[PDB]
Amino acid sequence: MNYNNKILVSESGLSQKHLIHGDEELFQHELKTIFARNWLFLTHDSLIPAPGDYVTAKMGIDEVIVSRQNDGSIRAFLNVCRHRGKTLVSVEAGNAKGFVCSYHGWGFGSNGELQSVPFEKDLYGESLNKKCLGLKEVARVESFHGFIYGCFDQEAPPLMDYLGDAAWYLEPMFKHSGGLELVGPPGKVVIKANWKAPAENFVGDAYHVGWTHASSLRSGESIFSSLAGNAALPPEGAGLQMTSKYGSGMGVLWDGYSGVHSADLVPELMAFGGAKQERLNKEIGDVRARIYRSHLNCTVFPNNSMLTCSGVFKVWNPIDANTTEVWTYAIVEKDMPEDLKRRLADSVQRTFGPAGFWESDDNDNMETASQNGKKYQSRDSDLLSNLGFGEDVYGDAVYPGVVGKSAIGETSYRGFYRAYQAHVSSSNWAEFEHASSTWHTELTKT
């Protein structure tokens, strides 16, 4: 397939070829043009707070070691020995000053440097140039309010610019709340879906909630529960949708601070968020204080998703075109009482974790939609994302980005897939930028 010419996503993001969820050659191409190029979630400060703390993480199909340095910075390196290529670290988290390879005993620092080689003097003499044998380093590592992302491409935009218009929506919760903590360890489960299936669902999909999650809404004791079985459409002005130049997007469901949490947690949460909102009105204004305590379903392009307020944090780690390894953490506000943080973390896993009853509702949808993309008669078929097209705006005086001023639509799908197609058809960031110079005009046509 010629990725320069092939129209995988139609103009304005209105449709995508179903093969994008099944084609293994395209998957291999995504490794280069999506995963090696864009910002990928690694960890949180709260998981590696002290010097020497480390975790392992995936970046695409590659595995990296992410380590807190003595100077307080974080550096990340391929989890692969520079000698004969053995995996260096076999655990998920720990604290160490370095990492020793179990094959021939080479020792690397927490800073990636090759520090020791057994019997170096007797064996290599002065011939081994250790200075050139440091672990392969992730070029770019940056933080968004404690959330640490990596990028293999030195040419990428800074993380903040990459978030584009999405950052404005995230800041009330990520910044103005006093800050968030990630509660580990994550749940980890493999699903037989393409990574884009859950990515698209979280970025942009409020339409599915009432029907897909009918049983979870009815059973589960929650604030959005009037939606069960499409019994009731959210009222006018119940929310909005947005998207951005570099593909990140989200839905906003006004005021839904208790999110998916069962009636057990609803009063406590609604009190806590309301009280903080009252303080924030003075600092950031009523609209942004309201956004703080509003439910955001967001995808940070390509494959990191979250539900703020519900506290769900997801990484859709790609394995192949029909296999994804799902990592699920809980996010909590640092100034919540510790007992509430504990119960919130359990509730996140209860709903969206490995035995998450809500997450379970989504399984067949994502799996079959993905697997159908391999089927002969469906490869060249068009997945539709036209809901709300011709009603989006850009440059609004209150809400930035390409915005659909309705709770339910496909605005964020369109922006996600516009960015996806611009990357797939480009060889580098310069080409992506050239392909994106009229991004918002494309999205607001008709």
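Residue positions are given as counts along the sequence shown, with the first one as 1. Rigid core: the largest C-alpha set superposing within 1.5 Å between the two forms.
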- Could you tell me which of the two stretches, 73 to 81 or 220 to 228, has its Cα atoms lying farther from the shown structure in 7 other deposited structures of this protein after fitting on the rigid core? 220 to 228
- Comparing 65 to 73 with 412 to 420, which stretch shows the greater average C-alpha B-factor in the deposited entry? 65 to 73
- Task: Take the C-alpha B-factors listed in the entry for 186 to 194 and for 337 to 345, compute each mean, and give the stretch with the larger one.
- Result: 337 to 345
- Identity of residue with top Cα B-factor, from 80, 250, 369, 128: 128
- Item | Residue with highest C-alpha B-factor in the PDB entry, from 322, 243, 219, 305 | 219
- Message: Quick check for you: using the entry's CA B-factors within this chain, is residue 54 in the lowest, middle or highest third?
- Response: middle
- Task: Within this chain's modelled residues, let me know which third the CA B factor of residue 176 belongs to: lowest, middle or highest.
- Result: highest
- Task: Consider only the C-alpha atoms of the modelled residues in this chain, order them by B-factor as the entry records it, and name the third containing residue 228: lowest, middle or highest.
- Result: highest
- Message: Quick check on the deposited entry: does the C-alpha B-factor of residue 210 sit in the lowest, middle or highest third of its chain?
- Response: highest
- Task: Going by the recorded CA B-factors, say which third of the chain residue 406 sits in, lowest, middle or highest.
- Result: highest
